[PDB]
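Structure record follows, encoded as structure tokens.
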Amino acid sequence: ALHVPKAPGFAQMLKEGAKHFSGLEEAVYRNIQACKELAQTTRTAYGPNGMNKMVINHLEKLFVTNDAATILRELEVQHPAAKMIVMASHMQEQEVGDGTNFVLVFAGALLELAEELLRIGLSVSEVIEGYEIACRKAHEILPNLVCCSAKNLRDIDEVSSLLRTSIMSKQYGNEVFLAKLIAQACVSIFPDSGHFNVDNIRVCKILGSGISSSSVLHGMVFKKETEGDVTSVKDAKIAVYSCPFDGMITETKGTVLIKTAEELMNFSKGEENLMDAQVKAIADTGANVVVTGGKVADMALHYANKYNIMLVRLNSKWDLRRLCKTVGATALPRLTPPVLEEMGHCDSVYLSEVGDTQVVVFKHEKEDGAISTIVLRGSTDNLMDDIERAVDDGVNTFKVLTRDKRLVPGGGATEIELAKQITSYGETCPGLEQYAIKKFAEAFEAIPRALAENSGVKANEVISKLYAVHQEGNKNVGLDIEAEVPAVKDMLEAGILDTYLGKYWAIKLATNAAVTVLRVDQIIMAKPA
Amino acid sequence: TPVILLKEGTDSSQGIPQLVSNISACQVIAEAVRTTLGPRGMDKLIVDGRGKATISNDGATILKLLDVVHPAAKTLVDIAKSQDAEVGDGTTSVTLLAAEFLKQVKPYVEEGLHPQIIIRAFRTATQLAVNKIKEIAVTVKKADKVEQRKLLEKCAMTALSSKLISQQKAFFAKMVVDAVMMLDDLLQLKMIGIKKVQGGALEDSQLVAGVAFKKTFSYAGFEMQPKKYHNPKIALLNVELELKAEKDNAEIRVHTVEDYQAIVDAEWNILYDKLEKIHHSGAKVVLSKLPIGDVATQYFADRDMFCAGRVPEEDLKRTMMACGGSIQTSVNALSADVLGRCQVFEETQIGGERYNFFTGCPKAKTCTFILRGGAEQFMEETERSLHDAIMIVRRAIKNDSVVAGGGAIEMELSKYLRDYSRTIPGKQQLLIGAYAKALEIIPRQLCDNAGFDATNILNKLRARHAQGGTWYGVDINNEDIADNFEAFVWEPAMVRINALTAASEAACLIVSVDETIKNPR
Amino acid sequence: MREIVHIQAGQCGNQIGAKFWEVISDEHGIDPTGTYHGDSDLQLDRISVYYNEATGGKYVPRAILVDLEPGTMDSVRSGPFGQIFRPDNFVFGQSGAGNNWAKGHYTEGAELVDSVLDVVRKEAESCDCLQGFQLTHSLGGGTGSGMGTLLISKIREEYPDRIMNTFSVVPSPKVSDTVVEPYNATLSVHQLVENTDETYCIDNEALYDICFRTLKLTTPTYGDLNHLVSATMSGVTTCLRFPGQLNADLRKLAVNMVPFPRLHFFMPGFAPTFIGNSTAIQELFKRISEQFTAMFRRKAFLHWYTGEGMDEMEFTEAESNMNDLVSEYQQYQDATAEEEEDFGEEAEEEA
Ligand SMILES: Nc1ncnc2c1ncn2[C@@H]1O[C@H](COP(=O)(O)OP(=O)(O)O)[C@@H](O)[C@H]1O
Ligand SMILES: Nc1ncnc2c1ncn2[C@@H]1O[C@H](COP(=O)(O)OP(=O)(O)O)[C@@H](O)[C@H]1O
Ligand SMILES: [Mg+2]
Ligand SMILES: [Mg+2]
């Protein structure tokens with residue numbers, strides 16, 4: 001038989017292993033297919049009824065999770081368009097901290113509809129301009145849907161109710177307990193005239209009993225042991241050092257040079273006397289506990305035991321700073337008797353044991369403090385990891401509420417209203433860009449549908465009833481999860497809400513990613529290495 | 001198809017089949033340790049790649065030594081480890097419970113039922129069961145000073161009934177109780193030393209209210225110094241006593257031979273200064289974590305004293321706690337308040353080895369075990385058996401509530417849940433019924449391991465519990481049913497509470513997984 | 001505490017560094033994900049000298065990876081222990097030097113050394129008080145030798161009085177992989193002499209003749225040679241990384257080991273580590289110069305360098321200073337002076 005040799009020009013100068021795709025049929029449609037596959041991968045984990053997923057990475061580590069960002073991080077994607085979608089989702093996670101699945105669902109829907117718009121006859125530029133016009137209109141419409149702005153962010157009973165919705169979709173069936181725990185921990189440290197910093201909430205995981213035995217502590221817990229023979233204090237003055245608890249020496253090489261016998265006899269006694277004087281001078285200021293970030297010498301430990309000083313060491317360079325913030329102490333690079341202003345104060349310091357784990361606890365009787373800790377108890381490491389992820393989501397929700405106080409209804413009410421008003425706007429646009437606009441509105445129906453598909457009901461009836469009830473003027477009506485037959489419910493009365501800022505950023509980033517993917521026309525790929 | 005989404009070699013499974021496969025794998029995991037439960041339970045032998053073998057009856061150990069790689073099966077290993085960490089006993093009941101929970105609801109999963117209904121039913125049932133256990137447990141407020149030891153002895157005897165040392169349980173239980181009546185208020189497990197010496201009978205094991213430890217490496221002259229004292233004073237040290245360089249940074253420059261001789265004499269003068277400072281304090285036994293030279297050995301031998309070097313740190317801390325001194329890193333102030341005091345010190349021959357014994361201290365917060373066996377795995381299994389009793393005694397000292405064993409509490413909870421299920425309508429009724437029926441795998445396994453007819457015994461137990469017999473379980477020796485609260489089969493309620501919570505958590509976690517993805521390598 | 005940053009240049013340098021870091025990480029308990037699972041805290045007394053701790057508990061190496069061709073970074077990222085490095089520390093070009101010293105030193109290097117100098121500035125900003133640099137490269141290549149030498153000069157300009165150590169491979173006696181190897185080696189030794197405190201010359205054939213005869217079983221590729229070099233480097237740096245009966249940084253070894261500043265070339269050894277100032281170095285250079293002249297007398301391959309900007313007298317100065325180095329080494333033995341040129345003529349008259 002015969003062969004089709006090659007085409008002259010660029011096809012003959014291309015290296016071996018490289019690829020070149022050009023045109024709509026070889027570039028655009030294949031990208032749309034890849035994005036659709038990526039969206040279908042994570043669609044099933046949306047909402048309170050979304051099911052858990054289990055992933056094993058290339059190092060044989062195990063993840064059991066519902067969060068979309070973690071799932072995308074643990075997978076190994078190869079197609080560039082899916083990489084753009086993943087990067088958009090990660091940017092949304094970094095900017096806000098919740099709503100990394102709305103991005104994927106919306107972008108997939110937008111590209112899926114753009115495929116048929118291109119099939120019918122429209123050009124890519126018109127689709128793009130319609131999408132931008134619709135996005136601007138949606139951002140204009142959104143502020144009018146806001147209801148129930150947050151009133152007081154230092155009231156425990158209101159904060160507990162505001163954070164319940166963000167955790168219900170991760171730990172359905174345990175939302176009240178975790179919500180109350182996170183509310184206490186967050187209300188503890190919010191400072192007046194204060195930026196709320198997220199770092200100041202710490203999580204400690206100890207294997208043991210069920211989740212319901214978890215607790216919150218106003219202070220710190222370290223998984224360490226005491227170096228000395230004193231074990232507890234009842235009123236602690238704390239001195240913190242970043243240098244080793246030992247006799248300090250020259251930076252340049254130094255040798256002890258002796259010429260007579262008497263110096264040889266007296267050297268060790270001189271060193272011991274100096275070390276004793278230093279320890280006694282430190283102790284005379286009233287410090288009961290010394291915390292260091294380096295080595296402790298044997299003689300220094302012996303003299304600390306002589307004068308009843310609790311000695312703890314930890315080597316992280318970051319736990320030391322956080323402890324200094326917790327107790328109000330200032331680190332010292334020298335081994336000198338500290339001044340009163342550099343004293344830390346703690347109500348209790350003690351060594352305890354929880355379920356085979358030995359810990360050292362710095363505990364305050366104060367209600368505010370500077371940082372706080374959450375102690376989690378579970379029967380499996382994966383469960384505690386999932387609970388930690390839920391805690392992070394709740395804390396980020398509190399931070400966003402600090403930034404902006406406005407809430408919008410959830411459960412699909414906002415998306416239905418946006419789609420209705422965008423369709424109404426698009427019916428009055430004369431030109432070819434109206435079709436694109438209408439498609440944009442239809443892309444908002446993928447959010448309620450998914451919910452219904454996860455709840456085990458028929459999405460078409462739910463969407464029809466939502467449209468029918470929104471035609472009458474009820475803007476706060478969404479899907480009812482408890483019912484086994486399709487139904488609708490008032491979300492404002494039932495307290496299902498979500499932040500304005502999250503929805504704003506989600507819409508923006510999803511539209512940006514979809515348009516960026518649509519703009520690419522031809523692809524040149526090097527050979528994988 | 002030209003460019004694929006994920007990397008080549010990624011394996012994905014989803015739907016009902018993968019959930020059914022996970023449930024199937026959990027059954028194999030539970031079968032691995034199924035026949036090790038009860039007074040008539042066997043034990044397993046596992047061999048690793050190098051050739052060493054290990055013989056065990058403890059469930060957590062067997063699960064650890066199995067190289068399980070199935071992601072759904074690893075959860076049962078994790079819950080067993082957690083149960084071992086928290087309470088220390090009951091690491092096989094939880095595994096069978098979890099497997100039975102999965103197996104009883106497998107058929108409903110096959111029919112197409114939403115797993116969240118199953119999860120809700122499991123959570124409700126677990127809450128009800130834990131509340132019932134807390135309600136019906138027996139406790140005594142001001143029991144006694146003697147009725148508070150008998151309860152711990154019964155708990156230990158029950159905890160030892162299925163181990164290799166069962167026949168001598170009455171001999172061992174007593175000892176372990178004493179062991180935990182001296183451990184202060186923190187009850188540190190490092191305060192109890194376990195020593196294993198080959199050769200001897202199991203009835204030759206002993207407990208010393210004091211301390212004992214092995215002989216260390218010794219230089220010449222150790223055999224010329226006394227080996228028994230009656231009221232000695234002990235010096236505990238952290239100082240290296242031998243002729244050596246003062247410091248690694250040191251350097252000596254000298255110009256005359258007279259100063260050379262003086263420098264030579266200086267080192268001997270320093271060492272002898274330390275030795276005289278030790279001697280003049282009145283101590284007769286000296287111990288140090290750091291080496292002792294031969295010169296020091298002969299110096300101590302010439303003055304009728306005893307010395308030891310390179311003592312392990314744990315043993316030295318244990319000696320401090322038993323005798324009541326303090327570790328000294330310097331010899332410039334050896335007062336009377338920093339020395340120990342015992343009532344007898346001796347060095348004795350124990351089956352091919354030499355052991356140092358400090359006994360006769362009534363102020364001791366420490367005890368030490370000496371175990372006598374015939375092969376390495378024998379003493380290892382003896383120690384593993386004693387650990388369960390130690391942990392049970394510690395847990396029983398704080399919270400003192402007791403429930404009856406043998407399966408009485410399982411059948412009581414099953415009856416309660418079945419009576420509750422008939423009240424509520426819907427699929428919740430069937431799911432609570434399945435949960436109630438899954439609780440009687442413990443008495444069935446006891447009867448099966450013993451070699452009885454389980455159906456007849458289960459029918460009699462169900463009839464006895466439905467009528468009225470709260471504490472009725474299986475009598476293994478008489479091959480029948482009997483009251484297990486008057487036969488003294490007692491166990492703390494924490495074991496059952498933790499087992500139920502852990503098993504329910506594992507079942508709920510396994511049921512809620514939709515699909516599995518494996519990445520290459 | 002007295003941090004050291006490590007720089008790898010070229011294919012050989014990258015291959016050696018990828019195993020150096022692998023054999024270090026297992027000692028300190030680090031994982032390929034960056035976490036820590038060690039047992040003894042003695043591993044953490046001097047952990048900060050080589051690893052920078054990030055928020056969240058990860059440890060990242062203080063390393064910069066450099067080459068003019070993107071081939072080797074793709075392998076490094078795709079290989080083992082290749083995901084703990086900072087993703088922003090990979091610097092690469094688009095063409096490559098093609099085993100030309102002049103292209104690496106003048107044309108392609110000059111437009112990329114600025115990126116390396118902007119990365120080392122950010123890596124130095126995070127250390128409390130740095131003490132020196134580690135460099136790994138080759139003398140027979142273009143990117144390894146010329147570009148590496150230019151980088152050494154630039155670092156010496158930017159950081160005046162910080163120590164600098166190199167681990168350079170050297171051409172083999174009876175086999176030369178590249179035709180222009182003498183030129184590159186001679187032109188790089190000139191500027192290795194005056195800009196480093198110590199150099200650890202490593203030969204390929206000498207260490208290559210250990211796997212066949214001592215290891216009893218091999219027909220290997222560069223592979224295990226690289227692992228042996230990494231083991232030698234770890235045995236060298238254990239003093240810096242770990243405390244012992246007498247800990248001493250590389251300066252505290254050099255001061256006892258280097259009496260005269262310009263004679264700072266060593267020959268290693270390994271007995272499972274030995275480092276020696278054996279004057280058998282004077283035998284290696286005597287060979288290289290012997291080749292250099294033999295080619296320079298014929299002006300062979302000269303137009304490949306002259307076209308890039310270099311002048312003819314640079315070779316003359318390089319060979320003159322190589323001869324000076326050889327004579328300085330020879331003046332320490334007084335026994336090789338017995339082997340002077342045998343007299344051939346017959347004029348042995350009055351005086
Ligand atoms: N009680 C509830 N009933 C119905 N829908 C809910 C309820 N609680 C939360 N949701 C919905 O869950 C959706 C998001 O869940 P989640 O899986 O966290 O997605 P994402 O991670 O993208 O926010 C929200 O759009 C919200 O409307
Ligand atoms: N004398 C006894 N008569 C009947 N059953 C007993 C007796 N002693 C112990 N058991 C039963 O043995 C079971 C536990 O056996 P074991 O191997 O210890 O399992 P686990 O380690 O999980 O407790 C308990 O359910 C307990 O009721
Ligand atoms: Mg969410
Ligand atoms: Mg048991």
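Convention: chains lettered A, B, ... in structure tokens order; per-chain residue numbering from 1; ligands numbered from 1 as shown.
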Identify every residue of chain A that has at least one atom within 8 Å of any atom of chain C, counting only C-alpha atoms, and report the result as a VMD selection string. chain A and resid 253 294 to 295 315 318 529
Write as a list in words the residues around ligand 1, taking 7 Å as the cut-off and counting only C-alpha atoms and all ligand atoms. residues 45, 46, 47, 48, 50, 67, 68, 98, 99, 100, 101, 102, 165, 166, 168, 169, 170, 410, 411, 412, 479, 480, 481 and 496 of chain A
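Taking CA of residue 147 (chain C) as the reference point, CA of residue 176 (chain C) is found at 20.7 Å.
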May I ask you to write as a ChimeraX atom specification all residues lying at most 9 Å from ligand 4, with only C-alpha atoms and all ligand atoms counted? /B:37-38,58-59,88-93,158-163,388
Can you write just those residues out, N, CA, C and O atoms, as an mmCIF file, in the first residue's frame?
data_model
loop_
_atom_site.group_PDB
_atom_site.id
_atom_site.type_symbol
_atom_site.label_atom_id
_atom_site.label_comp_id
_atom_site.auth_asym_id
_atom_site.auth_seq_id
_atom_site.Cartn_x
_atom_site.Cartn_y
_atom_site.Cartn_z
ATOM 1 N N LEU B 37 -11.667 -15.170 70.738
ATOM 2 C CA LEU B 37 -12.475 -14.470 71.711
ATOM 3 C C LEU B 37 -13.000 -15.429 72.723
ATOM 4 O O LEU B 37 -13.486 -16.399 72.343
ATOM 5 N N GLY B 38 -12.812 -15.165 73.987
ATOM 6 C CA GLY B 38 -13.476 -15.883 75.049
ATOM 7 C C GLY B 38 -12.569 -16.682 75.890
ATOM 8 O O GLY B 38 -11.455 -16.717 75.548
ATOM 9 N N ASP B 58 -3.668 -11.285 71.445
ATOM 10 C CA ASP B 58 -4.196 -9.891 71.453
ATOM 11 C C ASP B 58 -4.596 -9.481 70.034
ATOM 12 O O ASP B 58 -3.750 -9.606 69.127
ATOM 13 N N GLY B 59 -5.811 -8.951 69.867
ATOM 14 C CA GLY B 59 -6.310 -8.613 68.543
ATOM 15 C C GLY B 59 -5.531 -7.498 67.871
ATOM 16 O O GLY B 59 -5.233 -7.572 66.674
ATOM 17 N N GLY B 88 -7.398 -0.067 76.651
ATOM 18 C CA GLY B 88 -6.434 -1.138 76.777
ATOM 19 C C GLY B 88 -6.991 -2.543 76.699
ATOM 20 O O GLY B 88 -6.211 -3.489 76.538
ATOM 21 N N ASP B 89 -8.305 -2.717 76.807
ATOM 22 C CA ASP B 89 -8.927 -4.028 76.693
ATOM 23 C C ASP B 89 -10.152 -3.922 75.801
ATOM 24 O O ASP B 89 -10.835 -2.897 75.782
ATOM 25 N N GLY B 90 -10.423 -4.988 75.064
ATOM 26 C CA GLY B 90 -11.553 -5.029 74.169
ATOM 27 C C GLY B 90 -11.254 -4.704 72.726
ATOM 28 O O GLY B 90 -12.086 -4.069 72.073
ATOM 29 N N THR B 91 -10.103 -5.117 72.204
ATOM 30 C CA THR B 91 -9.715 -4.770 70.846
ATOM 31 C C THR B 91 -10.162 -5.788 69.806
ATOM 32 O O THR B 91 -9.847 -5.616 68.626
ATOM 33 N N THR B 92 -10.869 -6.845 70.202
ATOM 34 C CA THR B 92 -11.461 -7.767 69.240
ATOM 35 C C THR B 92 -12.973 -7.645 69.163
ATOM 36 O O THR B 92 -13.553 -7.881 68.102
ATOM 37 N N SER B 93 -13.626 -7.280 70.265
ATOM 38 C CA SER B 93 -15.071 -7.100 70.235
ATOM 39 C C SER B 93 -15.462 -5.974 69.289
ATOM 40 O O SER B 93 -16.472 -6.067 68.582
ATOM 41 N N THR B 158 -11.160 -11.236 85.543
ATOM 42 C CA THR B 158 -11.917 -11.319 84.299
ATOM 43 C C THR B 158 -11.052 -10.941 83.105
ATOM 44 O O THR B 158 -11.142 -11.564 82.041
ATOM 45 N N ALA B 159 -10.200 -9.926 83.261
ATOM 46 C CA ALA B 159 -9.347 -9.501 82.159
ATOM 47 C C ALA B 159 -8.307 -10.547 81.782
ATOM 48 O O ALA B 159 -7.828 -10.537 80.644
ATOM 49 N N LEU B 160 -7.941 -11.439 82.700
ATOM 50 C CA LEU B 160 -6.930 -12.454 82.427
ATOM 51 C C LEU B 160 -7.508 -13.807 82.031
ATOM 52 O O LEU B 160 -6.740 -14.750 81.830
ATOM 53 N N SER B 161 -8.829 -13.929 81.899
ATOM 54 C CA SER B 161 -9.442 -15.248 81.785
ATOM 55 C C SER B 161 -9.203 -15.914 80.435
ATOM 56 O O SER B 161 -9.384 -17.130 80.325
ATOM 57 N N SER B 162 -8.811 -15.163 79.409
ATOM 58 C CA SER B 162 -8.644 -15.716 78.071
ATOM 59 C C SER B 162 -7.198 -15.714 77.601
ATOM 60 O O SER B 162 -6.951 -15.865 76.401
ATOM 61 N N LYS B 163 -6.241 -15.551 78.504
ATOM 62 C CA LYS B 163 -4.839 -15.406 78.147
ATOM 63 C C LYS B 163 -4.071 -16.677 78.494
ATOM 64 O O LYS B 163 -4.622 -17.646 79.021
ATOM 65 N N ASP B 388 -2.787 -5.641 79.872
ATOM 66 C CA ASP B 388 -4.232 -5.439 79.841
ATOM 67 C C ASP B 388 -4.790 -5.278 81.248
ATOM 68 O O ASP B 388 -5.610 -4.390 81.508
#
DSSP on the backbone, strand (DSSP E) only: what residues of region 118-315 of chain A does that give? Format it as a count of residues only. 33
